[PDB]
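Chemist: Shown below is the structure under consideration.
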Amino acid sequence: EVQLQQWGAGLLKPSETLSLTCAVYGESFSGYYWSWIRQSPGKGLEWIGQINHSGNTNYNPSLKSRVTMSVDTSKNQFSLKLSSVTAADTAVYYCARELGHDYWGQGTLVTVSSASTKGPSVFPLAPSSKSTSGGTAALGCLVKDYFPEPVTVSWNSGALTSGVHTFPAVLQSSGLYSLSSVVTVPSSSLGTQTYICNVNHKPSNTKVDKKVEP
Amino acid sequence: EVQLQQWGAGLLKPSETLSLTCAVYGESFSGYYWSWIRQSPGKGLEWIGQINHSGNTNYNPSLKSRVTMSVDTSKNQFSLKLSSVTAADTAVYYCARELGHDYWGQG
Amino acid sequence: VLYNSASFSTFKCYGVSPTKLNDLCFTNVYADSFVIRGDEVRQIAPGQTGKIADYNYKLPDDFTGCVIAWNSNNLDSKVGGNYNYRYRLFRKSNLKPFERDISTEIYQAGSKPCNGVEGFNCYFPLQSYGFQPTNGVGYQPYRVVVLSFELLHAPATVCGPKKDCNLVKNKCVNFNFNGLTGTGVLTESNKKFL
Amino acid sequence: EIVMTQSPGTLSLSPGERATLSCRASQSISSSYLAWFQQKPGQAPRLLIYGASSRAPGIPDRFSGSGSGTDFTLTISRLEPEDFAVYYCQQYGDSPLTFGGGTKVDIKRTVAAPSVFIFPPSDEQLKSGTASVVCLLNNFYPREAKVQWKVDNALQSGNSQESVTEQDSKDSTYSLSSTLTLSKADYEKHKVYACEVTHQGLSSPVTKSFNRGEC
Amino acid sequence: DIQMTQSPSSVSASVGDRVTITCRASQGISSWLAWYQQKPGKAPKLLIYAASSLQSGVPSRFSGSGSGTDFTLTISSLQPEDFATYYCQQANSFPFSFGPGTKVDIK
Amino acid sequence: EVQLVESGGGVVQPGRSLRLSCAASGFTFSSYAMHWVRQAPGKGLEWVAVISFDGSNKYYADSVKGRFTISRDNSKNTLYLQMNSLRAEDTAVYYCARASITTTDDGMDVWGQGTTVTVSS
Numbered sequence: 001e002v003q004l005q006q007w008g009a010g011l012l013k014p015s016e017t018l019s020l021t022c023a024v025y026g027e028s029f030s031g032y033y034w035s036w037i038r039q040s041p042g043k044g045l046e047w048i049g050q051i052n053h054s055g056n057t058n059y060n061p062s063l064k065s066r067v068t069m070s071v072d073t074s075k076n077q078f079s080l081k082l083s084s085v086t087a088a089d090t091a092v093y094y095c096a097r098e099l100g101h102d103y104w105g106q107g108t109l110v111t112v113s114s115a116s117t118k119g120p121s122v123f124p125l126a127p128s129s130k131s132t133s134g135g136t137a138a139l140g141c142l143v144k145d146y147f148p149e150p151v152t153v154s155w156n157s158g159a160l161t162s163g164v165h166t167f168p169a170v171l172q173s174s175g176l177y178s179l180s181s182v183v184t185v186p187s188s189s190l191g192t193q194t195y196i197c198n199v200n201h202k203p204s205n206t207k208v209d210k211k212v213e214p
Numbered sequence: 001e002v003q004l005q006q007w008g009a010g011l012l013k014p015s016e017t018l019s020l021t022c023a024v025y026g027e028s029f030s031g032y033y034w035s036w037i038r039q040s041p042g043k044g045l046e047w048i049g050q051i052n053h054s055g056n057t058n059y060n061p062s063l064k065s066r067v068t069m070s071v072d073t074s075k076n077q078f079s080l081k082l083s084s085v086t087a088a089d090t091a092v093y094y095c096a097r098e099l100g101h102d103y104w105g106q107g
Numbered sequence: 350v351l352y353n354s355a356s357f358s359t360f361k362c363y364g365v366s367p368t369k370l371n372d373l374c375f376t377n378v379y380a381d382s383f384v385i386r387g388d389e390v391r392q393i394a395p396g397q398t399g400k401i402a403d404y405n406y407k408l409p410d411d412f413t414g415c416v417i418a419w420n421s422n423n424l425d426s427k428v429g430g431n432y433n434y435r436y437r438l439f440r441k442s443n444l445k446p447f448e449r450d451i452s453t454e455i456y457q458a459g460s461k462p463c464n465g466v467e468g469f470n471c472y473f474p475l476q477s478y479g480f481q482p483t484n485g486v487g488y489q490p491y492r493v494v495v496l497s498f499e500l501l502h503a504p505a506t507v508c509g510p511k512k513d514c515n516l517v518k519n520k521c522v523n524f525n526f527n528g529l530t531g532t533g534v535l536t537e538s539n540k541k542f543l
Numbered sequence: 001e002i003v004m005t006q007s008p009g010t011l012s013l014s015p016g017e018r019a020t021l022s023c024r025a026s027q028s029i030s031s032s033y034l035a036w037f038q039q040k041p042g043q044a045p046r047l048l049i050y051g052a053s054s055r056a057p058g059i060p061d062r063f064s065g066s067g068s069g070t071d072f073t074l075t076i077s078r079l080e081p082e083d084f085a086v087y088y089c090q091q092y093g094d095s096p097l098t099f100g101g102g103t104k105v106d107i108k109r110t111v112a113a114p115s116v117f118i119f120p121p122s123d124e125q126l127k128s129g130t131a132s133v134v135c136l137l138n139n140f141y142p143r144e145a146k147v148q149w150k151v152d153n154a155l156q157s158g159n160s161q162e163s164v165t166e167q168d169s170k171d172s173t174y175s176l177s178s179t180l181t182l183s184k185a186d187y188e189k190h191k192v193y194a195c196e197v198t199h200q201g202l203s204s205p206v207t208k209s210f211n212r213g214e215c
Numbered sequence: 001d002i003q004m005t006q007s008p009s010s011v012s013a014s015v016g017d018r019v020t021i022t023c024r025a026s027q028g029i030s031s032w033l034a035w036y037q038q039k040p041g042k043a044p045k046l047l048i049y050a051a052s053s054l055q056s057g058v059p060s061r062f063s064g065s066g067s068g069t070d071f072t073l074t075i076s077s078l079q080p081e082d083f084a085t086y087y088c089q090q091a092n093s094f095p096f097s098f099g100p101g102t103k104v105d106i107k
Numbered sequence: 001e002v003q004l005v006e007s008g009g010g011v012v013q014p015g016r017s018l019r020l021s022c023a024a025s026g027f028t029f030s031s032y033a034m035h036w037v038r039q040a041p042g043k044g045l046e047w048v049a050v051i052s053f054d055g056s057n058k059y060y061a062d063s064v065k066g067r068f069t070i071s072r073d074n075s076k077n078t079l080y081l082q083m084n085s086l087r088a089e090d091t092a093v094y095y096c097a098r099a100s101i102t103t104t105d106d107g108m109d110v111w112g113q114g115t116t117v118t119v120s121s
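Residue numbers (the entry's author numbering), protein chains in the order written: chain K, 1 to 214; chain L, 1 to 107; chain B, 350 to 543; chain J, 1 to 215; chain I, 1 to 107; chain H, 1 to 121.
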């Protein structure tokens, strides 16, 4: 029962090189083939290549001229070197056995984009009279521009956690993600209790709390 | 209406080689000269050099022995490689058009 | 007769040029013959990577010879599938150049050993090509004959044909009689050679 | 490179109901060397069937596979709660390993109705130079949901993007939000903004527009 | 050119008897030999191919064997349909040569 | 039911040419390799010729080489066997059969009925 732990740079920029390393613990490391498998959104799982303790390598014909694995028998580690990463290389990389039957890795998300870190901007969204169908409406603040993926939007510092739908981030053409979160609350509760969409962008350390009301 | 975008290594150590890249979007990329402009505190704006799609380069005579530039017509990218950076090269680097009269970068 | 043939699709040559093939004497010539699918024909070359060039047939970098391959869809194609041309799919190391590995030992791909019985993570290394007449180009059989020219210290056993011309007598002509170079007039004589 | 294809894009069956999958390949597999993987969200894929007919060790007998040649089927007798994930199929009888396109299975329930909500652009973002118009749907079961933006009683397409949330773990429904981007003068001079919704929840499509200048 | 020489010119047997017919090859043919059933006045029907197999349609009572230069068919459930001429054809080289035949009489 | 239909044979004066047709039915004539087998009266089966599935690779026997010519028409689902320099020793019944491989790895699975050719004075 081997343990496959891997590490690498989770963020990259175009025309750079991608370096990943996977460490094998437990059973023997020699006398086996170690594979790298990439899972990209939209497409499916893709097999990148193989390498053994003697440096013999098998390659995917598609990723043949840009893929290079290396092995370190002393510390029981193997590595992947993908050269000239573009925006189409944003995927999750796994390290496993030769066929990926017994044991896999953990999953190292790698994103390639030429955009600098930017602080999120919260835009309040008033609930229209047309939206308010008596007592049912929707609030929310639309986060527009932020480069790094991680971002959390919460209501009332966790006091309001019912009816909150957090939509997945959308990658805009500028290279900046966009997120929208809304909450369904009664109009009477909206009038009596104010609601704040707290945000906490870890890379930018921005904690902007905006309250929007009719 | 080009939208120039920049990236590169921020922190650097002395005696290394600075490397920056500026990507061009929008309208046509060929038939133009792309400039690198350096702005430093204490000093003012400084012009580093130019490059076109054919590889022809113009260099500032002061920073002539340390400046090397390359253009990648395939991906609409041009790059700057300042060699043997000292502590006096701490500044903000821009990419613009040939004269920086129409469209600039972000810094 | 080989170079002037037209049925051959690929006739790339590496250590020698096809023009001077006849004017070169070699100690031995090896003709290695096998059948592979269309897409794999590019891997029969010095310094190439692939399953067919790592587990089945590997050519050394210092290769003095030629590679000849012609399509044989008509010769090798069954309606249900040939299922008789097989390749080594799994191996634990790359082949040495000009080595043949014929074994049926089960490929152990997992922690639990198997003593020659197939199962989980224990798979048969030899897998069969699927050749069918309806298959499009690139998955169609190709017959490959690789000629390797050898040059040892032994006397050159194989030489190219030595063409000649007619015989003219009573005329001052240059002659090359089996290696004798000179000038003179050749007339019939009554000498009795042994 | 045997291109591997799966026919059912999104299977939806009720819990405790038999499910069948297809992994139509592009060629004939060597020795029925085809496997079935299961990938719970946030984790790595795990084997269920090896050799297209036999179960991997530790796999419950609820999983069964069959098929040979170029057609392979995976059969789940009972849909347990810990079975709704994406299923991939993999082949070995060729030099590059090839995975299937991936198909997902989810819990089935009654058809719900999308609650359409419309919002106008805010003054702050109008000052910033971006006029974003968004219309939302709440708690509708069927995946299909179309947003047809109409501007000044005209047809506009390609200027909007849609975001879909993952299935709710309580009512097992979906919420969809579509964002429509606009310029400065274009938003300033245009009058009527609306998005059209087509769904099987209501036979007659419902439209709710707004006008800029009054609330 | 490889010719096929079946040693038994003819065999005498009754229904439900065991007989063996052999075919010999001048050169070495690995397993590319087939057998046929020729009822006079009809077309020959294959019953053994690759020197060891059962054709889809005939009962599992024709058991062929042999590899190299000798090939033998063994039958242990002879039926009234087993009185005909049998031929052996090799497929190693393009010139395909059948066998002389073997008549089966009723006794 | 898969069947093979053959015709085009008959009594022909020596020195002329005879062309025989073996029509195909019940299968894909563009995916199989066809064989010709002849049997003189009171004699055994003699191989004659073979043609590939695409009709571009043909071999004849060691007796009728050069003289006999074989061809096929996948569109018409028939076999074109043309005899040249016909001789009096070709008096035999001709059978057209079907094989999966042009080298008949597992072929000769279906046969027709045959047509008799008798050349004489």
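For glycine and all other residues, C-beta sits at the position ideal for the given N, C-alpha and C.
Going by C-alpha to C-alpha distance, which of K:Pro-150, K:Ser-204 and K:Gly-42 sits closest to K:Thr-90?
Modeler: Checking every option, the nearest Cα to that of K:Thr-90 belongs to K:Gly-42.
Chemist: What whole-angstrom Cβ distance do L:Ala-87 and L:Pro-14 have, given they're in contact under 8 Å?
Modeler: Contact flag correct, Cβ pair sits at about 6 Å.
Chemist: From the DSSP secondary-structure annotation, give me the bridge partner or partners of I:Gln-89.
Modeler: Answer is I:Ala-34, bridged to I:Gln-89.
Chemist: Can you tell me whether L:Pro-61 is buried or exposed, with buried defined as 16 or more other CB within 10 angstroms of its CB?
Modeler: Exposed is the call here.
Chemist: On the DSSP bridge assignment, give the partners of H:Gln-3 in chain order.
Modeler: The partner list for H:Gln-3 (beta bridge, DSSP) reads H:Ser-25.
Chemist: To be precise: take each residue of the stretch 41-54 of chain I, compare its Cβ to all Cβ atoms of chain H, and keep it if any distance is under 9 Å. Which residues remain?
Modeler: For the stretch 41-54 of chain I, which is checked against every Cβ of chain H, the residues closer than 9 Å are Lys-42, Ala-43, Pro-44, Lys-45, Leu-46, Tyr-49, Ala-50 and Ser-53.
Chemist: Quick one: Cα of L:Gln-50 to Cα of L:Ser-35, how far?
Modeler: When rounded, the distance between both Cα atoms is 4 Å.
Chemist: Work out the CA separation of B:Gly-396 and H:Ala-23 for me, nearest whole Å.
Modeler: Those two C-alpha atoms are separated by around 52 Å.
Chemist: Candidates B:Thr-536, B:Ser-421 and B:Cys-374: which alpha carbon is nearest B:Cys-521's?
Modeler: Checking every option, the nearest Cα to that of B:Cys-521 belongs to B:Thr-536.
Chemist: With 8 Å as the threshold, decide whether the Cβ of L:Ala-91 is near any Cβ in chain K.
Modeler: So, not an interface residue.
Chemist: Determine the direct distance from the alpha carbon of B:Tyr-352 to that of B:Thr-368, and round the result to whole angstroms.
Modeler: The straight-line gap from Cα to Cα measures roughly 9 Å.
Chemist: Check the Cβ-Cβ distances between J:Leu-136 and every residue of chain K, and say whether any is below 8 Å.
Modeler: Yes - at least one Cβ of chain K is within 8 Å of the one on J:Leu-136.
Chemist: Are the Cβ atoms of B:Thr-506 and B:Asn-377 separated by less than 8 Å?
Modeler: The answer is yes: Cβ separation under 8 Å.
Chemist: Tell me the rounded alpha-carbon separation between B:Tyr-432 and B:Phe-480.
Modeler: Approximately 7 Å, taken between the alpha carbons.
Chemist: Let me see if you follow: with CB-CB separation under 8 Å, is K:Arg-97 close to chain B or not?
Modeler: True, the Cβ-Cβ gap to chain B drops below 8 Å.
Chemist: Scan the stretch 68-120 of chain K and note each continuous beta strand (DSSP E) run of 3 residues or more that stays entirely inside, going in chain order.
Modeler: Fully enclosed beta strand (DSSP E) runs of 3 or longer: 77-85, 91-96 and 108-112.
Chemist: In the DSSP assignment, what residue or residues form a beta bridge with K:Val-153?
Modeler: Answer by DSSP bridge pairing, in chain order: K:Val-199.
Chemist: Please list, in chain order, the residues of the stretch 34-66 of chain J that have any C-beta partner in chain K closer than 9 Å.
Modeler: Per Cβ criterion, the list reads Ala-35, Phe-37, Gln-39, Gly-42, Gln-43, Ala-44, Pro-45, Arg-46, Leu-47, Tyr-50 and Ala-56.
Chemist: Checking 8 Å against the spacing of the C-beta atoms, do K:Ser-180 and J:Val-134 come in under that value?
Modeler: Contact: yes.
Chemist: For K:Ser-19, which of K:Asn-198, K:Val-183, K:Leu-80 and K:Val-143 has the nearest alpha-carbon?
Modeler: Considering only alpha carbons, the answer is K:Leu-80.
Chemist: Does J:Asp-83 come out as helix, strand or coil in the three-state DSSP assignment?
Modeler: Helix, per DSSP.
Chemist: Under 8 Å between beta-carbons, which chain C residues line up against B:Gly-479? List them in chain order, please.
Modeler: Protein chains K, L, B, J, I and H are contained in the structure displayed, whereas chain C is not.
Chemist: Just tell me which of K:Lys-118, K:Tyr-195, K:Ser-70 and K:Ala-138 has its CA closest to the CA of K:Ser-154.
Modeler: Comparing Cα-Cα distances from K:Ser-154 to each of K:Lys-118, K:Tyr-195, K:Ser-70 and K:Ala-138, the minimum goes to K:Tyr-195.
Chemist: What first and last residue would you give for the alpha helix (DSSP H) that runs through K:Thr-192?
Modeler: Note, K:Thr-192: alpha helix (DSSP H), 187-192.
Chemist: Assuming contact is defined by CB atoms lying nearer than 8 Å, are K:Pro-120 and K:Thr-192 in contact in what I supplied?
Modeler: Not a contact, by the Cβ cut-off of 8 Å.
Chemist: Do K:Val-164 and K:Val-199 have their C-beta atoms closer together than 8 Å?
Modeler: It is not a contact, given that the beta carbons lie outside the stated cut-off.
Chemist: Taking 6 Å as the limit between beta carbons, can you name the residues of its chain near H:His-35, skipping five residues before and five after?
Modeler: Closer than 6 Å at Cβ, skipping near neighbours: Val-50, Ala-97 and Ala-99.
Chemist: Out of J:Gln-156, J:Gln-200, J:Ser-160 and J:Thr-103, point me to the one whose CA is closest to J:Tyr-141's CA.
Modeler: For the residues J:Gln-156, J:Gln-200, J:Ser-160 and J:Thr-103, the minimum Cα distance to J:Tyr-141 belongs to J:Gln-200.
Chemist: When the Cα of L:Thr-57 is compared with those of L:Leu-63, L:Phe-29, L:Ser-65 and L:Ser-70, which residue comes out closest?
Modeler: Checked all of L:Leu-63, L:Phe-29, L:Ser-65 and L:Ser-70; the closest Cα to L:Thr-57 is L:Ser-70.
Chemist: Considering only C-alpha positions, which residue in the set H:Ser-30, H:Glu-1, H:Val-2 and H:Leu-18 is nearest to H:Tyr-94?
Modeler: Comparing Cα positions, the closest option is H:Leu-18.
Chemist: Could you tell me the distance, in whole angstroms, from the CA atom of B:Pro-462 to the CA atom of B:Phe-473?
Modeler: Each residue's alpha carbon lies about 14 Å from the other.
Chemist: Hey, H:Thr-102 and H:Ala-33: beta-carbon distance below 8 Å or not?
Modeler: Going by C-beta atoms, H:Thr-102 is nearer than 8 Å to H:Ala-33.
Chemist: I want to verify the contact list: residues of chain K whose CB lies under 7 Å from the CB of B:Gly-459, in sequence order.
Modeler: Within chain K, the residues near B:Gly-459 are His-101 and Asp-102.
Chemist: 8 Å is my cut-off, CB to CB: does B:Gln-489 come that close to chain J?
Modeler: Output row for B:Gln-489: interface = no.
Chemist: With J:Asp-186 as the anchor, note down where its alpha helix (DSSP H) starts and where it stops.
Modeler: It spans 184-189 - the alpha helix (DSSP H) in which J:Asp-186 sits, taken as one unbroken run.
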